[PDB]
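Residue numbers (the entry's author numbering), protein chains in the order written: chain A, 512 to 562; chain B, 1 to 532, 543 to 1342; chain C, 253 to 804; chain D, 1308 to 1357.
Where a beta carbon is used, it is the ideal one built from N, C-alpha and C, also for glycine.
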Amino acid sequence: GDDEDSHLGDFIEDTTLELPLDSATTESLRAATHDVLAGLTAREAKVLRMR
Amino acid sequence: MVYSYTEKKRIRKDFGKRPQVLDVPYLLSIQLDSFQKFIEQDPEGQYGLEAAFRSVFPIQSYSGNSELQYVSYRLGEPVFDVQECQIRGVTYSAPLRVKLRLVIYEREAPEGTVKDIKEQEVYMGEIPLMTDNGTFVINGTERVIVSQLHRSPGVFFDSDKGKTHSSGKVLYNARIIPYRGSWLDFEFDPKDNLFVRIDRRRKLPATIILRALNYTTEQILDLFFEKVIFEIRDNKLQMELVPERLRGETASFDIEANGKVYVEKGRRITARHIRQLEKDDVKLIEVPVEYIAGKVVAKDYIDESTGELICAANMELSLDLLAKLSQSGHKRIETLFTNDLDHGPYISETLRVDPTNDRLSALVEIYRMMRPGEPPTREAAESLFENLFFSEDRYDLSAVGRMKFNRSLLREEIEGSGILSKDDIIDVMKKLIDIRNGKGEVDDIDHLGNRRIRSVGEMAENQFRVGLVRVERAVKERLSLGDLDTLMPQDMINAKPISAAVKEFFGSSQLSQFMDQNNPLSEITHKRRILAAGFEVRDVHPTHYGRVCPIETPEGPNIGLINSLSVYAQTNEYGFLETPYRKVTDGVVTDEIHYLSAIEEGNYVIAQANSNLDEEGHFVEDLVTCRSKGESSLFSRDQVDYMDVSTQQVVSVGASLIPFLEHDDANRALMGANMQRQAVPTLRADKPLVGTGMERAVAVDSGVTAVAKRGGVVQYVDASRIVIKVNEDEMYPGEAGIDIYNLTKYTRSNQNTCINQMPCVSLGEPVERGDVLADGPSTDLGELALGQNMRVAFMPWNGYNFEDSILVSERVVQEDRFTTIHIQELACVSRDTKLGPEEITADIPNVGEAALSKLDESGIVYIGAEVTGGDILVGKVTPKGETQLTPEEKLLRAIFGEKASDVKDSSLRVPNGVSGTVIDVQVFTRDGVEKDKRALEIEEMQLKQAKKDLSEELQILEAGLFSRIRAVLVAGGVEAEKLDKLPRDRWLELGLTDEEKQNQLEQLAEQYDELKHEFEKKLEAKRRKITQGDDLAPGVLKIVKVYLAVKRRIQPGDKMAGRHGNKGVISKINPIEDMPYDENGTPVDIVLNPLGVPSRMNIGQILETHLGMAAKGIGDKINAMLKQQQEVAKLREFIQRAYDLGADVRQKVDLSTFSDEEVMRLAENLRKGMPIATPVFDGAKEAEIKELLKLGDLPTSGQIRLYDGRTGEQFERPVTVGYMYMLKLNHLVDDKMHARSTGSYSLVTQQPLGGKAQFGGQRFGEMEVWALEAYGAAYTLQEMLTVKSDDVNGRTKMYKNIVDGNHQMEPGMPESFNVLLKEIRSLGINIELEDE
Amino acid sequence: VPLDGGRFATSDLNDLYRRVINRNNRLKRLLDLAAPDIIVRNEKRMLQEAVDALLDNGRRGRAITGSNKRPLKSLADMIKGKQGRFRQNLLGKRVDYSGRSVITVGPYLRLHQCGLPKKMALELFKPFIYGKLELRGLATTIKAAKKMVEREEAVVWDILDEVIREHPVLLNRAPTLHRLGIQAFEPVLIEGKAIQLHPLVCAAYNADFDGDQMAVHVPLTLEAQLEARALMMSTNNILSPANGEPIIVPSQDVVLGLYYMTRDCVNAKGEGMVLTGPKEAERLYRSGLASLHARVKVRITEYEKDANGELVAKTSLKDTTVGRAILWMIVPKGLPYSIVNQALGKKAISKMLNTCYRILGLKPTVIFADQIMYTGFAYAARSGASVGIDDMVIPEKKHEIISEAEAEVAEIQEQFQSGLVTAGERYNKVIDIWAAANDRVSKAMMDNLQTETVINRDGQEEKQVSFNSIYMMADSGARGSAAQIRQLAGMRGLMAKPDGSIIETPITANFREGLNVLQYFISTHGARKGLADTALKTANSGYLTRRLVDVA
Amino acid sequence: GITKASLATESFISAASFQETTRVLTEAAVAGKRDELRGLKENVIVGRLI
Ligand SMILES: CO[C@H]1/C=C/O[C@@]2(C)Oc3c(C)c(O)c4c(O)c(c(/C=N/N5CCN(C)CC5)c(O)c4c3C2=O)NC(=O)/C(C)=C\C=C\[C@H](C)[C@H](O)[C@@H](C)[C@@H](O)[C@@H](C)[C@H](OC(C)=O)[C@@H]1C
Ligand SMILES: [Mg+2]
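The structure is reproduced here in structure tokens:
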């Protein structure tokens, strides 16, 4: 196209990466389950963190 | 003639004086005519497949006396028809079946054949076909091939003065450009040495080619120079004197003969002395022995006794050399005639720089020039030189090349050999030297006689030619070793080689492009288009008159590199551009038309399109403005040979549609004709209120509308089809008939607009042949409506109209008049991956019942279901196994007990923000995979729908035929009530008394049964085409194409413009309450800023407003008398008054029209407004406009009082209000608008890239970096080129901080530079980052 | 990396690298096989060719890639390019948090703000919105926040007003030349898909409204917000860095308003009366008692800061008009009334803003500038200025002027037929008389057009500068100029044939009248050369800046 | 002249930008030239504060 320096390889997106709008939610889910596991008894947290 | 049936519906009031002698021809002529010449059976070398065949044929093997000749060709029926070919995606093409004859001559002949096998019509390739509208379908998409403009083959003599060497002196060069084969260039130098180079290669002394033609030095001087005869008679040097030789020279000695001294020494020889010598007939004079010291000897001279060469040809004689050749008995010495002014001694000095001697020497030095470095050989040099310009294979000028060649050389024969001859080369050199001598002139490239026009037909022939040469090598190669009777002309000729030459052109070539169809004018202005470097070629040339439009060209990187074809222009017989003209004999202007090419028109004196003649057509004025040779001035009454045909012929279809064009500056006029092609069609086809009269022609000539094949009365009118019962005078005897027009309904255009036809006629109405049956998109009752005219007011309104910005009343969007319908084609592909096949199944992980609602059991949205952004059009799921989740996700599924599927969701969903209704679904399936439920339902529907259509054909057709049988049976055997009782099927038995009517019943019988079976075969074929598995790409199992119809109205950001080049972007949509209104209380639709009018000089936009206002008046008035229901008399009276308008116009008019049914219908169509026609340069004048405003009841000033709808108070000064035609271009704001937060990223270098059609971020350029550098903003720039883009880490570390509420950046290094380090380090360069 | 349809695609280096290995490996083999010299020599050369082709292709044979004619791109070509490096050179990397669209007016804006389409802002600030939604607890977690904005729940719009309020955005146009090509604004949420841009800024950008599109950038980091506000902000650059003159100068409609405002006709409603102050002056006008322009003495209070850092006040009865009286309400403090007492053309109206800046400082000038725009648009709208076809007045003497100049050409022609003058001398002469004629017609229609308003105050007659529409445009400085006006009414010019010569039969007609076939055709070259010259010289200009920024 | 004066720049990373890349890299690589940044062009390439 266009004869411009745009070349086929410039259009191949990275599928093995992880989008930040997600990565943010991973760091959050850690904080989430870690909060909710302190709401239980020390053995329920230990047994659930173990399983 | 004298007015058609759809002309009785509405008539355009036409100002303008000049009567039209010629009416606009078919606008699509070029495209259709060209292709018509390519594919056709022509029994001769006239351009076509026949000609391209006859060139390379017959093909004989190598010395083997095995020859393959060509018989005839045929085009098989197309595999798919035009409509079907578009859906599937294949090309619309026909098989090429060519009969070949294989002869084998007995080895060691007398020439005779052992056996000759005639192979019946071997198939080579499928060549595309042109639509009835002049388009091609390459892959499912209508594409147009633009005609090209290039330098005509022939010889061309140029200057190259100025810039070279900066010494002046100019230069003179000739160039021989063949249609095929190498270029032959001749050129001078500052030393007046003639040089030659083949193609652009190394410069070589000119004479070196003559030697390769086997010409010795003696004949070169003898060819290019005259002979000065020197006689040694008695003793010491006499000389022959042609008395003209003394012009331009001063006597070098006593010029005396016949005992009388004519000229003394030191007296220059003027016309007086020459007369004396001429009239006294002085043949021989006495000259000194020293005058030949400079004279170059012509031929060779040897010593008769010693047999040794005294002096070689082309040597300057000296007083000592004269002695050595005199005692040998030489009476005569021939020398060159050399004059530095009249006849130049150029060739003589060219020979002294020539390194070669004989033919082999030149051939050696020539062969080593083209292919240097390799050792030359005699047979190699001979072969090369004969293969360049002398070989019928590698060189052709064809007809145009040879003609202009001979024509520019002042020859007689207009046609000749297609290769170069020694006579030809010599003549060209002669002409170049003559120009350098001062007699003759150099051509110019810009002249339209040297510019030839190709077109689809000519171009395709070349590609097919290329295909045949690459197949030729193969055929000879096989016929080399061939066994006698086993092989035949199939095993040799392949398909793929020839087919790929033609296929590579139409498929991808700079001249083959998507038709620009958002607009009928766009189509027709695309199909007429030309293509051709510095400013010389871009600029407008005097020869462009009547051929190329001066004002329609793109404004941008290529200006004047495109143009467009003029209105009346036609391709010349030889391929030049010729234009219509009127032959003026004696003092009368004769209406016989005459077509003159670019060179033909040159010498004649041509009058002006605008001129005054009368009665017999004698020029009124004693002198009239005319143009003769490349310039225009006043010319005497009776001199003029010809006159311009029409006032329009200078412009193009685009420019010819601008009313009052003569009043607009060319810049804005260009932009206008440039923008008019972008007008998207509207929901309600309106009509131009102000017009030219081309709009009718553009609408009809373009295929967008549906034109009557034959005249008659409408039998049936449906929004789908139209059936016309033909008149008997127009009807053919057999089959009887009716014409059935199947209308195109709502469907996707190339630009995603809506192209839909509407019936413009009513049940049982008389229609005449060549009448508009149905309007297309953006056409109204046979005229061309690219938009909708509306009430406009010029005044600054609180800055909302600030630059070009347009402020539009809410009334416009409420009336839904500028609303536009877009049809978008969305696709869903079920592919094949190594992990597994993708399913179109309706079972999608993680979607609610509301999501899957709009889908059927199969997973495809129902037809007609209205959707918005995000809705699932097609359910699709692809296998991805062993997800490999993490600890906390595993707990999540554990708590909520969800089984995470082995399949990932690929389903096709509606793009963000776009909302519409689903109008169609297509299912393509691989051959061999089972069609799912929905796909089968579609196939069944298509089957039933097909049967209904075909049956409809047969039903209406059969009745049409039997209705004729009823009429013929009543002649000769009339029984009226008796005949229609018995079953219609039993009618065919009754015969007739001896007459042709018995044979007429016979005719109708034959054709009846034919239809019965023709229907049958057509149904079968259609059914097979439905059920046959469509061929898909490798890897694709099935494809689902959904068609959405979005209806967008108008919103701030859309581009809008008038025909006069005034752009605009709608700013605010204002309530009707705030709209300026007049005393009568009627608000105004649009408020334009007046400030745009004076700067950009377009005054027509004002005139267009004024006349428009007046037009609406005549409309409004009728609307009152029709609402009064006065009577036919009052109405008739008032309308007649309008169509006359005070004096001298060409309109004529009524009282021939039927006073009741025809007149009342016309007025109903005029009540919206009175259509007016302003011819391009013949258009109306202020006075005519003011008078129409008098009839209008509206002021002459064109301005009235307006009141602000807010304060209700008046406006100081009157403001101009009227009706301007305005187009909606398609830039519409909800396309251009894009925004991105965090999208996908490119793999090779991590950078924002749109993969979802969620667009990649805006491109931040170098210039913008400077802008940040000028400000003190360092951090904005770092974040711009590091964290916001290129830093694969910094981006995520940033995003997390943005949600946490900490605005910071932990920048790191952009990955781009990090790659440059490895790329440098990949070489032998050690690049490190030092210190700390 | 794989592609759709299962096909693969890879860089050319592989094709190159592969080659270098093979030949190399083969050579290793050829040593252990004890091959003759002539072979291992050829293999070594082949290795040399492959390595050379790998590093920089095109300096020897130009090796071509497998099955594809186009030569395979080597490592040097990855760095190299047009020009130099691809990375920072134009262009130059895509950037997140951005967008773009068609632009419109938005005259209501203050100079420090701009209209931003709702949808664009939502997608732009997505991370800010996510983080703010769960900071106040309207969303449980970031995902739930995503679903909220993806659902476009009504509550999110108010949260966006928070992240938008103080948060500048960058606006950019296509040919960025000077630093004003990018400027910071405060975002204003706007329904609709078009960007609204303050008119006063339209000059610095060279942005028309004929459909030009503009780009938006979000300043993420805190330092960028403060850079934008303290550097790239609209209000902090009001002056061209090229010359101290204000670049915020009112453009066209606004100055046409003020010109029509402070102007005076000879006799108008309220002429001669006297008023206490500007307040009751507007009260007179708006109520319909007095005309906008009438000569009147009114008491005004002006200020001069000529003390030491201290504003002096002085009051007097100034002889002025009603419009100028009303306009004075905007002028802040220490400016003298002399500045508004004139006719206020586009030239004077700029020096007004300039002095205001050099006296009161920055802040007073900004709010001043805003007010000037608002009042300019407003009063221009009241004025009902328009342009009609009868607004262009042709001189009554034109046809006669053409005729007299037409006699001149035939005189010199008669002199050339008799050899009294040489061909070249004739051409220049004829060309001269036609040129002089153009000047004659120009200074005729200019006199007629300019002053022809002839009106009555209590006596017989008097004549002032015309109130005819098109003159006001050209006179005020809004739009149009004597050259363009000359083309509308008087004859237009003598065009030039392509070779650069000028045709000796000028265009005798104008746009108000019709041009015939020939006249238009001759006009085309000037148009065509005009468009071509600008379109090429535009690129040339850029090139100049390029060399300049490199050398500096 | 302007186009000639821009040729000389101590930082080679800047020169590799707007000049001919190949020659710049080589001619610097032999001398072992150590680019200290300190300029604008070069700092933009490497992506740090101007
Ligand atoms: C195969 O042709 C392609 C390129 C060849 O390459 C190349 C180097 O050779 C070209 C040839 C031979 C042209 O004749 C041409 C051209 O005539 C044209 C523009 C300029 N185009 N514009 C671009 C878009 N923009 C917003 C406005 C200006 C071009 O760039 C080119 C062009 C090339 O650049 N213009 C016009 O004629 C005018 C003033 C109106 C055009 C009508 C519509 C717009 C077009 O017909 C659209 C419908 C398509 O047809 C094109 C998209 C073609 O693309 C395809 C695949 O069909 C394109 C010509
Ligand atoms: Mg523009």
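Beta-bridge pairing of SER568 (chain C) - partner residues as DSSP gives them: C:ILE552
Where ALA446 (chain C) falls, given that 16 or more other Cβ within 10 Å makes a residue buried: With 16 or more Cβ atoms within 10 Å of its Cβ, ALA446 (chain C) is classed as buried.
Residues surrounding ligand 2 [beta-carbon distance to nearest heavy atom under 7 Å]: Every residue passing the under-7 Å Cβ criterion appears here: C:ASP460, C:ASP462, C:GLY463, C:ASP464.
DSSP-derived helix/strand/coil call for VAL71 (chain B): Of the three classes helix, strand and coil, the one that applies to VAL71 (chain B) here is strand, per DSSP.
Rounded straight-line distance, which links the Cα of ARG758 (chain B) to that of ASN518 (chain B): Going from the Cα of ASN518 (chain B) to the Cα of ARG758 (chain B) covers about 10 Å.
Under 7 Å (Cβ pairs) to chain A, residues found in the region 1289-1316 of chain B: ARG1301, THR1302, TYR1305, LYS1306, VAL1309
The region 563-588 of chain B: positions lying closer than 8 Å to chain A by Cβ: none
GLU413 (chain B) classed as buried or exposed, judged by whether at least 16 other C-beta atoms fall within 10 angstroms: Exposed, since its Cβ has fewer than 16 Cβ neighbours within 10 Å.
Contact test: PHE377 (chain C) Cβ vs ligand 1 heavy atom, cutoff 6 Å: No, since every heavy atom of ligand 1 falls outside the 6 Å radius drawn around the Cβ of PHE377 (chain C).
Heavy atom of ligand 4 within 6 Å of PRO564 (chain B) beta-carbon: Ligand 4 is not part of this structure, which contains only ligand 1 and ligand 2.
heavy atom of ligand 1 below 6 Å from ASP516 (chain B) C-beta: yes
C-beta atoms of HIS1244 (chain B) and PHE1265 (chain B) nearer than 7 Å: yes
Anticipated Cβ contact below 8 Å, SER350 (chain C) with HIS469 (chain C), distance rounded: 5 Å
Separation of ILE145 (chain B) from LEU363 (chain B), as counted between CA atoms: 44 Å
Residue burial classification, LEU817 (chain B) (beta-carbon count within 10 angstroms, cutoff 16): buried
For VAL547 (chain B), three-class secondary structure by DSSP: helix
Near ligand 1: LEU22 (chain B) beta-carbon under 6 Å from a heavy atom: no
Check: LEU1054 (chain B) C-beta below 6 Å from any heavy atom of ligand 1: No, the beta carbon of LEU1054 (chain B) sits no closer than 6 Å to any heavy atom of ligand 1.
At least three beta-carbon pairs within less than 8 Å, the region 431-446 of chain C to the region 1033-1045 of chain B: no
Residues of the region 1252-1277 of chain B whose Cβ lies closer than 7 Å to any Cβ of chain D, in chain order: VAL1275
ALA543 (chain A) in three-state terms, based on DSSP: Collapsing the DSSP output to three states places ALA543 (chain A) in a helix.
Any 3 or more C-beta pairs closer than 8 Å across the region 592-603 of chain C and the region 725-738 of chain C: yes
Residues bridged to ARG576 (chain C) [DSSP beta-bridge criterion]: Partner(s): none; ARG576 (chain C) has no beta bridge.
Partner residues on chain B for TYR537 (chain C), Cβ-Cβ distance less than 8 Å: Correct list: empty, because the minimum Cβ distance to chain B is about 11 Å.
Below-7 Å beta-carbon distance, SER383 (chain B) vs any chain A residue: no
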